[PDB]
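**Student:**
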Amino acid sequence: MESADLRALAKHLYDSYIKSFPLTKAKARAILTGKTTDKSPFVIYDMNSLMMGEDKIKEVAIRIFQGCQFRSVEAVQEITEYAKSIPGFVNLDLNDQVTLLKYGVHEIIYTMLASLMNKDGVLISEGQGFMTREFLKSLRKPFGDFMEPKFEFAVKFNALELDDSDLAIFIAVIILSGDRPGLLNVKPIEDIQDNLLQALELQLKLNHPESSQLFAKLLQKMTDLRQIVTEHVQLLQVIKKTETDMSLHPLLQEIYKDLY
Ligand SMILES: COc1ccc2[nH]cc(CCC(=O)O)c2c1
């Protein structure tokens, strides 16, 4: 592939990213930085602002937990529409299409969640709301611990200053991982990724000409993602055993089942 083919690849992906994901990083920043008559978010930071904010969105710790859970489900669906647009993806063995999605979605979710965070909190309900880090970090024991690692990652990730056109390619690379467990046919998957990587390399050099080794720095970020996944699964382990009256959405149950 030559540059003209990689630019066309990048352009294709940006396009579908826009079509698959209603709340982009660009909309998210414009809402966050008060750069807007894009009517600012309602801000939840305690149980009152929460109950009152519930005019446009069990115990509180749980209700918030359920919220993020349903949001994850919606995300999985969006991420799935996006993957189908990735050239070559729907031509792969079906069991593998499933494997890539099974392992790729959460790494993606936390990647994109970064887009909706600053050091102080996270956008919610399609940007209509904003929930502070401290309110979350404060939730009763186990639930207070869910979001904090995501914030730490987001603060370091957001430092990269990626824009949506950078992220469309990076997210595609994450999905087309040859090293996922149980993969039947690794080679066709690596040939695609290889193109995606070539494409990302060129996109970053062109979009961030001054940012040296951004590419390398970006790929290194993939390490922080797998750990976030790990800790998260361990937390769920705990809930399943402590809160026997609660349960995961079946789509999320299937993703987590026999995962790592
Ligand atoms: C405070 O509870 C929280 C916070 C942040 C969260 N991010 C994802 C989930 C649960 C859904 C899933 O595992 O995909 C989650 C729960």
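Be aware that the sequence shown starts at -1, since it is given in the numbering used here, and climbs by one per residue. The C-beta atom is built at its ideal place from N, Cα and C for all residues, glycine as well.
What's the gap between the Cα of residue 177 and the Cα of residue 184?
**Tutor:** So the alpha carbons of these two residues sit roughly 8 Å apart.
**Student:** Please indicate yes or no: does the CB of residue 190 lie closer than 7 Å to some heavy atom of ligand 1?
**Tutor:** Result no, Cβ not under 7 Å from ligand 1.
**Student:** Do the CB positions of residue 77 and residue 122 come within less than 8 Å of each other?
**Tutor:** No, these two residues do not count as a Cβ contact at 8 Å.
**Student:** Could you tell me the boundaries of the alpha helix (DSSP H) in which residue 339 lies?
**Tutor:** This structure cannot speak to residue 339, because the chain is shown only from -1 to 258.
**Student:** Alpha carbon to alpha carbon, how far is residue 22 from residue 146? Give it in angstroms, no decimals.
**Tutor:** Looking at the two C-alpha atoms, the distance is approximately 22 Å.
**Student:** Does the distance between the C-beta of residue 245 and the nearest non-hydrogen atom of ligand 3 fall short of 7 Å?
**Tutor:** The model on display carries ligand 1 but not ligand 3.
**Student:** For the putative contact between residue 158 and residue 212, defined by C-beta atoms under 8 Å, what is the C-beta separation to the nearest angstrom?
**Tutor:** Confirmed, Cβ separation roughly 7 Å.
**Student:** Taking all protein chains shown into account, decide if residue 51 is buried (16 or more other Cβ within 10 angstroms of its Cβ) or exposed.
**Tutor:** Result: buried.
**Student:** When the Cβ atoms of the segment 112 to 126 are set against those of the segment 196 to 210, are three or more pairs found closer than 8 Å?
**Tutor:** Result no; under three Cβ-Cβ pairs closer than 8 Å.
**Student:** Near residue 137, what residues of its chain come up, given a Cβ to Cβ distance below 6 Å and the 5 sequence neighbours on each side ignored?
**Tutor:** Closer than 6 Å at the Cβ level, and outside the excluded window around residue 137, lie 59.
**Student:** Taking all protein chains shown into account, decide if residue 25 is buried (16 or more other Cβ within 10 angstroms of its Cβ) or exposed.
**Tutor:** Label assigned to residue 25: buried.
**Student:** Please determine, among 229, 74 and 180, the residue with the shortest C-alpha to C-alpha distance to residue 251.
**Tutor:** Answer by Cα proximity: 74.
**Student:** For the alpha helix (DSSP H) containing residue 249, name the first residue and the last one.
**Tutor:** 248 to 254 is the span of the alpha helix (DSSP H), which, as asked, contains residue 249.
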